[PDB]
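Look below for two forms of one protein chain, each set out as structure tokens: first structure 1, then structure 2.
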Structure 1
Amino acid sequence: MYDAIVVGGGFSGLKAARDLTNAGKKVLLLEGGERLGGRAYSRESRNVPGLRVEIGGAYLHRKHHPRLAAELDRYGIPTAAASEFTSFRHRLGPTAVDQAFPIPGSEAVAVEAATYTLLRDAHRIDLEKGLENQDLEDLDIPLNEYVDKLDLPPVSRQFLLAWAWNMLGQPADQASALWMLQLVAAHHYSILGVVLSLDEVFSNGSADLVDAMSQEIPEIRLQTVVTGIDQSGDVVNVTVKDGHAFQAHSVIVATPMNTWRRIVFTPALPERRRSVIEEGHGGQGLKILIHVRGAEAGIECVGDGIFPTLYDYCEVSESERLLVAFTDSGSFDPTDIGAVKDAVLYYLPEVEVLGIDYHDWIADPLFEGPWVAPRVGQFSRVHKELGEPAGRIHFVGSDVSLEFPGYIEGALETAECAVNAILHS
């Protein structure tokens, strides 16, 4: 008999189980994998021996994320300022200049006018409310259709389409404008603040903060896949893959949105929620770490190819480096090494590919998707309630975060609300 059972051992699960234990509650953590952290995946490189690489994500903003900075200050995890870019090799047409802002002086008027349209539509969205309660049905259309409404000149059009396919991790025909404007609204109402918010990085990786949080949790059961949560009786029963089952008064679900459908809930989750969970969000984001030779430090290649963004990651040696590429799993196939070469040679012909390192998050049964990006029409119907508790069962994660979706801060912010509901209720 536990006070709370936390399903999942990610940043939401590691914080929720820890904070409840400190109050005096008997907490059990159930992780279905062989490791804790989740999408904060920090391992040794498959390409280079003795090179610690971030498969998930490290980048962060100190003033943007106070809770994340509070955890760094608590355990003493140091953060250094993020690397800047010096070299630029874009493929945004012949009239584009190769620098930080590739937009020519001819487009300046139209970009200025489009900035207003993008900001105004984003300023409509309130972060404290939901994407369902603000009459934002007119903004939930395919991204490519919404981008054409701006009628952007060649360079500004493709530059915005490249970063959107980076950030959302889904092509313009699949991506929703509402979620694109949500990401603007989430980043202090700023279209530039989506990219320029990469202020500081994890110096030792996410692994240091993951292990430090796990140290203050007394009971963790690894390789324990939860297949169902049942709150029939007076207490909530949690059943597991391997037969067994656990029981607790309250239950924390700290698993990604695309994995909730694999869990049988009794009684079933509210009708508003049901249908979107079964089909899942259209997050197909793909991150490949290319091991290269003949590449300089601080290159940024934002163009129009199958790799919309290809830029510098870290130094391997004197000549060898790592380039990080962003695309989607549906469009690009990472298993074709010839397709990798053709994508890199599109931006840098002199640079040769030595190897690749990635993780297929959409293929993994414990995630079925990387970070949150809804399909056209999903979050207009239900969004706020997806992270709102149903009985004794709480739903947390970066997928349900209203303030910072798809960020480590969002994982800690949502889990904090779940702990507050149990202790003060």
Structure 2
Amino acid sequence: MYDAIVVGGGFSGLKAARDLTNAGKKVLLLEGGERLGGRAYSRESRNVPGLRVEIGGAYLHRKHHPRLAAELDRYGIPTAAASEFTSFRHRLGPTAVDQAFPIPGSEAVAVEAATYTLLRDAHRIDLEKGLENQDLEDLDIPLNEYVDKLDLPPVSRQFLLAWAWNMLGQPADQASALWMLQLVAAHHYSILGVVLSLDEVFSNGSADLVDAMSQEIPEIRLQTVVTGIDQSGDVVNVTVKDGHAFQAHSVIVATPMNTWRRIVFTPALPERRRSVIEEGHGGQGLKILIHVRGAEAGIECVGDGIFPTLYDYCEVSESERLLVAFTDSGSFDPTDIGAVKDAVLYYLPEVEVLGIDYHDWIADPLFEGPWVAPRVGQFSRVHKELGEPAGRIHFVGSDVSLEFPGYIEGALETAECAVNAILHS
């Protein structure tokens, strides 16, 4: 038996397990898959032999992401911008300017007012309390309805929606306004910062940092899928798809939220959690690496295409690059390569698509989702509760961070809070 079992080997489980062990605890980490890192997954390009790519989480910003910055400093892990962005190829209409901030003068007053309105609204959110605890329900409505109330003219309306589509991984009609404002709050009450947090990347991949942390975890089992967590007796029992059980005074759940409905909890989780756990969150982000020929370097495109964003990622050669596109998996089928070409050529009619690469996170039984985003109405009913302990079972992860949800930073934040709960218990 262990002081703690940590279930899931993403950044959240890795941090918890490491920190617990360093506190002198006896810790077991169980990972269902064949690798550690979870939604941070660097690996070889399917399109370009020998090229390492981020198929999930990649971008960070030291100022918004201080826990992560500490990890990088701790291990001397090198980072950089993926690219300098210099060529803008927007589809925002004939008045937009081809710059990173493409809003023309004629829209300045509208932007100014919308800035005030969005930030006023975001300032309603106290990040320690939970979105269900603050009379915020009037904001928990479809994003498109919220944005209609701003009455933005066309460049800025489409700019805002495009980035919002990108960032939440939902179309405007499925996204919660309140959740947008949450991301705004997380970035020190900044609209701009939501997109400026795409600031650097792992020079050598997210695996650089996954490997550093796991070197400090003495006991890891891969290919071990937890199917049951039972705290009816004095010590927690964790059953596994094909193994003995393992036992611990404490269990940390660090698997993705949309997988919890597959674990049998004994006794059942508190009832107010159960419905949202069953439904799952509504995130359908879809990040597609696109192998292309004839693209200039430094391209960024934002606009009204089925790819809201498309931007530079890495040089493959003098004539070939990878771009990255975000959309959502409910709106777009990445295996429809005819579709990919259309989506690309919309922004970049001169470019040829050579191939694509992505991971179907939503179909993957270890995930059942990309990054968190609530369905409308979800998180004003229950939010903070999802990441509270139930008896001796803790819930951590990005998905449930109040402070930086959907980011690597949020995995780290939640782990911190669990480690501490467990040390003071």
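Residue numbering: structure 1 sequence, from 1. Throughout, rigid core stands for the largest set of C-alpha atoms superposing within 1.5 Å between the two forms.
- Per-residue Cα shift between structures 1 and 2 after core alignment stays below 2 Å for all of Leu127, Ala113, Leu345, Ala82 except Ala82.
- Once both forms are fitted on their rigid core, the CA atom of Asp230 lies less than 2 Å apart between structures 1 and 2.
- In this overlay on the rigid core, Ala295 has a C-alpha that sits less than 2 Å away from its partner position between structures 1 and 2.
- Positional change of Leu198 between structures 1 and 2 reaches 2 Å or more at the C-alpha, relative to the superposed core.
- Core fit done between structures 1 and 2; CA of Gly410 shifted by 1.1 Å.
- Once the core of the two forms is superposed, the Cα of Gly243 has moved 4.8 Å between structures 1 and 2.
- Core fit done between structures 1 and 2; CA of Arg52 shifted by 0.9 Å.
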